[PDB]
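Peer 1: Give me coordinates for this.
(5 chains)
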Amino acid sequence: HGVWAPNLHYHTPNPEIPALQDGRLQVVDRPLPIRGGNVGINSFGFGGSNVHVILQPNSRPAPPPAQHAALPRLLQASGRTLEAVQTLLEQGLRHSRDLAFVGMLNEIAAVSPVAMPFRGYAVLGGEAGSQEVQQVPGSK
Amino acid sequence: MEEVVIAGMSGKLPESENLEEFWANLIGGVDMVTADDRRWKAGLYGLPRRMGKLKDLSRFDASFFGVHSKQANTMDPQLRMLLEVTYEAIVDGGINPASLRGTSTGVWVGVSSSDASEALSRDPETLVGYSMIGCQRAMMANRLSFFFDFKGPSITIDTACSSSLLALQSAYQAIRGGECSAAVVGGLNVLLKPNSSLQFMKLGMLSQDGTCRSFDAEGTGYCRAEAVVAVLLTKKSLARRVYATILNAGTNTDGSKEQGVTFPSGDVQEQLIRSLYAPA
Amino acid sequence: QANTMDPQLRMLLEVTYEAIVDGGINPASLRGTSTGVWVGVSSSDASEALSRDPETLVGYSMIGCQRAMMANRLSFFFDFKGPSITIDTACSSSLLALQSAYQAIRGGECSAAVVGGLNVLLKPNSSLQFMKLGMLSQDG
Amino acid sequence: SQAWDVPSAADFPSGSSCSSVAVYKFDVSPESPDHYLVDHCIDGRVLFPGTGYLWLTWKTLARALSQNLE
Amino acid sequence: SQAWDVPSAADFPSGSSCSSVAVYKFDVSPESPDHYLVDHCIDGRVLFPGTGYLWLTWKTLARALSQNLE
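Peer 2: Numbers count the residues shown, from 1 in each chain, chains lettered A, B, ... in the order given. Please find the structure below.
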């Protein structure tokens, strides 16, 4: 979301460590936009067992294609109930032009109706607005 | 030798059913810690009124996971909602869990407390023997490997408060090194037995306040909360989504501090932070 | 603080001293290494035992019973500043600990390891479960 | 849809041996083993049998004794 | 030389939830909190206080009630 979560309960900085207004560290009391991420993470068990891990976020935006230009895609999905499907297709149409997202949705959709006995499709783009949501005969 | 990336994530957290609920709270600044008779009673034995509590704990989709109804009422609720959050996480990152069936893929679970397991072993003649296939710690990972068909390492680690992070480390390494192509990294902790907390208070690491005053001069102690959470690690040349990339990790251990075992030795945490930066 | 120590952890503290000196080393020559500790533990029966009487049972039992303390408190005493870890894989564990350890030396991380296996039978319930699964020999 | 057993905090103890207490839960619906009881219809209600309590109590005693009813 | 506390067979849940029973284990040796009791020396034995049983029983009641003695 490109913005650090505002830490809570930060009123008066600890008087046993500087840095807390001494320029160094900036506790995140407010929703600050992130500029150029490169993040660390601590975890210390009470028994004296520490672990750090350094993260490099991926920076990269959405290109300018020529396909979804006038080409409607097919969004399909599967779940456990009419709801689990109704939801995914809802999330589909809200992002009808996000091709990374929809591709991924489709890959998931591929699950035997032995496990996910509920399926549904939708035609994003095109004056279809065409969406069926049915149950699915078991067996092969 | 290989590049390792966090390609899947999901979990349930205090007053949050799914990670989008858990976002609302974060941004909107909403103390997910509350005062409920949810786990136990309004303030038993002197324990603080506040805890970070999972919305529901009793839900689970039992058939999909193929578990005769009885054998499911003897399943540690962690394990239950682990089976779900890790599916939710595998699919979170554009992969079909089935495309993994039979990998050299591992599972690494950070678990400290398996409260549920004592719960279902007290009653001596009244106790069904398959509780342990649903409660023994190892089953936290093993039974997660069992269902997804992940033939690589299955392992639960207990290092206390760290664990899940050291699991997510232990995992990263195993991918990096050739061993695997993907990992399930899980963190589990559910509050059931009040005794536990009572001990923690008798050590004064418990905030009567019932809050985590993160950097404020008035820090008493912390405020225990639960969570089942899982991320999916994968080599780049296999991830359909990338939240971030893991640059490095490592763990050490506070030596013999003269001021007790509970005492967090900073002079040693510094060291750890170094091993991973500047020259190496 | 010793009558609230899981008897495993007690006699671990001894067998691993007995083991370090077993091989011609003075434990002290290790004090402050990048040396780790890997414990295979399945059952910490002692911990529940001292965690039922909520007027009777004391707060520092957990510094002597929580699983991680099986490794952590072994690192704490010998001054082993490398990895401190307890693994639970059931019947295997200790052997996969002794594996996890070997790798960590092999790879540069450490110069020495304490590999431990712990399992003490206290609660009869445990066994009763194992019988109700028929993996126990009436024969014995 | 379906909700499951979360070992409620109430479950856990305060210390006990308790071979000396027993709760019996009686179900009378046509499926239950304890449907026989519906034939103890006094004045039109289905009273649990005066005798009945002794049978429980008795049962409950052999529990505490590790022995069976016979 | 010195021998220590080995959690005992009967220390672990062996019946179930039971708000209504309590075992108290009294130690009188000079270290114990309950050394005070050695001052109830009647005729030269150290009898546990007539009064004492009421204090237990009382305690035991507030247990069952979830409330403290006060």
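Peer 1: Just give the number of residues close to the residue in chain A that chain C sits nearest to.
Peer 2: Closest contact between chain A and chain C, by CB to the nearest CB, is at residue A:47 (3.1 Å). Placement of C-beta: from N, CA and C, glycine included. Number of residues near residue A:47 (other CB atoms under 10 Å in any protein chain shown) recorded here: 28.
Peer 1: residue contacts, it?
Peer 2: B:159-160, B:261, C:63, C:66, C:68-69, C:72-73, C:76, C:84 (CB atoms under 8 Å, 6 or more residues apart in numbering or on different chains).
Peer 1: Ramachandran angles for it?
Peer 2: phi -80, psi 10 (degrees, to the nearest 10).
Peer 1: next one: the one 4 residues further on
Peer 2: When read as degrees, to the nearest 10, the backbone of residue A:51 gives phi -150, psi 130.
Peer 1: Check whether it really touches residue B:269, as I assumed.
Peer 2: No: Residue A:51 lies out of contact with residue B:269 (CB atoms under 8 Å); the separation is 10.1 Å.
Peer 1: who touches both of those two?
Peer 2: Joint contacts of residue A:51 and residue B:269 (CB under 8 Å, 6+ apart) are A:42, A:44.
Peer 1: Check the gap between the nearest residue to residue B:42 once chain neighbours are set aside and chain C for me.
Peer 2: Of all residues beyond its chain neighbours, the one nearest residue B:42 is residue B:49 (6.7 Å), with distances taken as CB to CB, 6 or more residues apart in numbering or on different chains. Going from residue B:49 to chain C by CB to the nearest CB, to the nearest Å gives 18 Å.
Peer 1: Run through the residues that contact the most centrally placed residue in chain D.
Peer 2: In chain D, the C-alpha nearest the mean C-alpha coordinate belongs to residue D:24, at 1.2 Å (CA atoms, centre = their mean). When contacts are counted by CB under 8 Å, 6+ apart, residue D:24 touches D:56, D:59.
Peer 1: can we see that at 6 Å?
Peer 2: residue D:56 (CB atoms under 6 Å, 6 or more residues apart in numbering or on different chains).
Peer 1: before we move on, the earlier item: for residue A:51 and residue B:269, indicate the residue with more neighbours.
Peer 2: More neighbours surround residue A:51 than the other of residue A:51 and residue B:269, with 27 against 17 (other CB under 10 Å).
Peer 1: what pairs with that one across the strands?
Peer 2: Assessed by DSSP bridges, residue A:51 has beta-bridge partners residue A:43, residue B:251.
Peer 1: That one reaches residue B:164, doesn't it?
Peer 2: No: counting by CB atoms under 6 Å, residue A:51 does not reach residue B:164; the two are 9.5 Å apart.
Peer 1: tell me the SS of the residue sitting nearest the centre point of chain B?
Peer 2: With distances taken as CA atoms, centre = their mean, the residue of chain B nearest its centroid is residue B:187 (1.2 Å). Of the three states, residue B:187 takes strand under DSSP: H, G, I helix; E, B strand; the rest coil.
Peer 1: Mind listing the residues bridging to it?
Peer 2: residue B:110, residue B:229.
Peer 1: Run through the strands of the chain in chain order.
Peer 2: Looking at chain A here, since you left the chain open. A:39-45, A:49-57, A:73-79, A:118-124, A:133-135 (DSSP state E).
Peer 1: um, chain D though
Peer 2: D:41-42, D:45-46.
Peer 1: Kindly reformat those strands as a markdown table and extend each row with mean neighbour count and distance to chain E.
Peer 2: Below are the strands of chain D laid out as a markdown table (neighbours: other CB atoms under 10 Å in any protein chain shown; distance: least, CB to the nearest CB, whole Å):
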| stretch | mean neighbour count | distance to chain E |
| --- | --- | --- |
| strand D:41-42 | 10 | 31 |
| strand D:45-46 | 10 | 29 |
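Peer 1: Of the ones you listed, which is nearest chain B?
Peer 2: For the strands of chain D, proximity to chain B was assessed by CB to the nearest CB; strand D:45-46 is nearest, at 27.2 Å.
Peer 1: circling back: my read is that the residue nearest to residue B:42 contacts residue B:34, right?
Peer 2: No: at 8.9 Å, residue B:49 does not count as touching residue B:34 under the criterion of CB under 6 Å.
Peer 1: Residue B:4 against residue B:246, yeah?
Peer 2: Yes: using CB under 6 Å, residue B:4 is in contact with residue B:246, at 4.7 Å.
Peer 1: overlap in contacts of the two?
Peer 2: residue B:172.
Peer 1: Check the offset of stretch B:203-212 from the chain's centre.
Peer 2: Centroid separation for stretch B:203-212 versus its chain: 21 Å, with CA atoms, centre = their mean, to the nearest Å.
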